[PDB]
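Count residues from 1 along the sequence.
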Amino acid sequence: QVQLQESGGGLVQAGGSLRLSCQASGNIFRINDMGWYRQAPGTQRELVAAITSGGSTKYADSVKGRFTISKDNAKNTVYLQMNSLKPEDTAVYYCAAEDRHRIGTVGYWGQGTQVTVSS
């Protein structure tokens with residue numbers, strides 16, 4: 001099994017930038033797709049960005065053009081680069097990983113990292 005650990009959250013002024021990191025450890029070879037979800041105060045958890053091992057990406061319309069998901073294989077980490085942050089990006093952000101032996105669902109979750117965008 002696999003563990004996911006997020007970091008890089010915090011407080012940023014509207015219009016500012018923030019880079020989240022998710023380091024995977026354990027049985028790395030088991031990871032297939034990875035992604036970032038977020039859960040704003042009161043709302044449901046939503047998929048924000050996803051990446052495959054080969055580098056294919058996708059984004060929710062609400063963040064597309066502003067957020068970039070990427071990976072560093074050597075460091076076993078995936079990133080969420082968040083530019084032009086708006087107050088509505090305020091949420092707990094969660095790292096997620098698909099297990100190759102159970103495709104189509106999340107196999108592993110991080111504990112979540114708080115991003116607060118001030119007005």
Side-chain angles (χ1 to χ4, degrees):
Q1 299 231 331
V2 169
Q3 310 86 233
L4 267 21
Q5 185 57 78
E6 299 105 333
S7 60
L11 170 73
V12 56
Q13 289 201 137
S17 284
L18 238 211
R19 187 225 219 183
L20 305 185
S21 298
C22 171
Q23 177 145 246
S25 46
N27 295 316
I28 303 310
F29 68 89
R30 271 230 217 186
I31 299 161
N32 207 54
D33 294 353
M34 289 191 72
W36 287 97
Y37 289 73
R38 80 185 171 182
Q39 177 148 207
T43 333
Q44 164 71 208
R45 204 173 286 193
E46 79 180 333
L47 214 214
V48 142
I51 190 164
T52 67
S53 61
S56 299
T57 55
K58 62 198 188 185
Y59 299 92
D61 290 314
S62 59
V63 304
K64 190 156 180 152
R66 295 190 303 113
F67 290 13
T68 308
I69 192 171
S70 53
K71 59 186 173 62
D72 185 331
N73 270 232
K75 291 183 188 177
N76 294 316
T77 147
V78 298
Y79 303 100
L80 193 63
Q81 181 60 58
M82 307 176 290
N83 297 330
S84 302
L85 255 349
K86 314 142 126 68
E88 320 100 61
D89 300 317
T90 291
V92 181
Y93 288 68
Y94 296 89
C95 181
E98 180 192 39
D99 194 289
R100 70 194 285 170
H101 298 300
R102 262 129 29 191
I103 62 158
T105 67
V106 175
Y108 313 98
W109 287 103
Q111 17 298 312
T113 179
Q114 174 66 213
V115 171
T116 298
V117 185
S118 61
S119 299

Using modelled atom types only, decide if a donor and an acceptor are shared between the side chain of [X] and the backbone of [Y] within a distance under 3.5 Å.
X: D72; Y: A74; answer: yes
X: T90; Y: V117; answer: yes
X: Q111; Y: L4; answer: yes

So how far is it from [X] [atom1] to [Y] [atom2], rounded to the nearest 0.5 Å?
X: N32; Y: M34; atom1: CG; atom2: CE; answer: 11.0 Å
X: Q13; Y: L85; atom1: CD; atom2: CG; answer: 11.5 Å
X: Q5; Y: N76; atom1: CD; atom2: CG; answer: 14.5 Å
X: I69; Y: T52; atom1: CD1; atom2: OG1; answer: 10.0 Å
X: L20; Y: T77; atom1: CG; atom2: OG1; answer: 10.0 Å
X: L80; Y: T68; atom1: CG; atom2: OG1; answer: 8.0 Å

- Message: Does the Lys NZ or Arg CZ of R19 fall within the cation-pi geometry relative to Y79 - under 6.0 Å from the ring centre and within 45° of the axis?
- Response: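 That pair qualifies as a cation-pi contact.
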What heavy-atom pair brings [X] and [Y] nearest, and what distance separates the two atoms?
X: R30; Y: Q1; result: NH2-N, 4.2 Å
X: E6; Y: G112; result: OE1-N, 3.0 Å
X: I103; Y: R100; result: CG2-O, 3.5 Å
X: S53; Y: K71; result: O-CE, 3.2 Å
X: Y94; Y: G110; result: CD2-O, 3.8 Å
X: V106; Y: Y108; result: CG1-O, 3.3 Å

- Message: Side chains of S21 and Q23: any donor to acceptor distance under 3.5 Å?
- Response: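 There is no such pair between these side chains.
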- Message: Quick one about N83 and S17 (side-chain donor to acceptor, distance below 3.5 Å, no hydrogens or angles considered), yes or no?
- Response: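 On atom types as modelled, these side chains qualify, holding a pair under 3.5 Å.
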Answer whether the closest heavy-atom distance between the side chains of [X] and [Y] falls below 4.5 Å.
X: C95; Y: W109; result: no
X: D89; Y: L18; result: no
X: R38; Y: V115; result: no
X: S62; Y: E88; result: no

- Query: Could you walk me through whether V2 and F29 pass the side chain to side chain contact (heavy atoms under 4.5 Å, CB included) check?
  - Reply: CA-CA 9 Å; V2 169; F29 68 89; over 6 Å; no
Joint cluster assignment, [X] & [Y], ILVMFWY side-chain distance < 4.5 Å:
X: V78; Y: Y37; result: no
X: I51; Y: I28; result: yes
X: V92; Y: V63; result: no

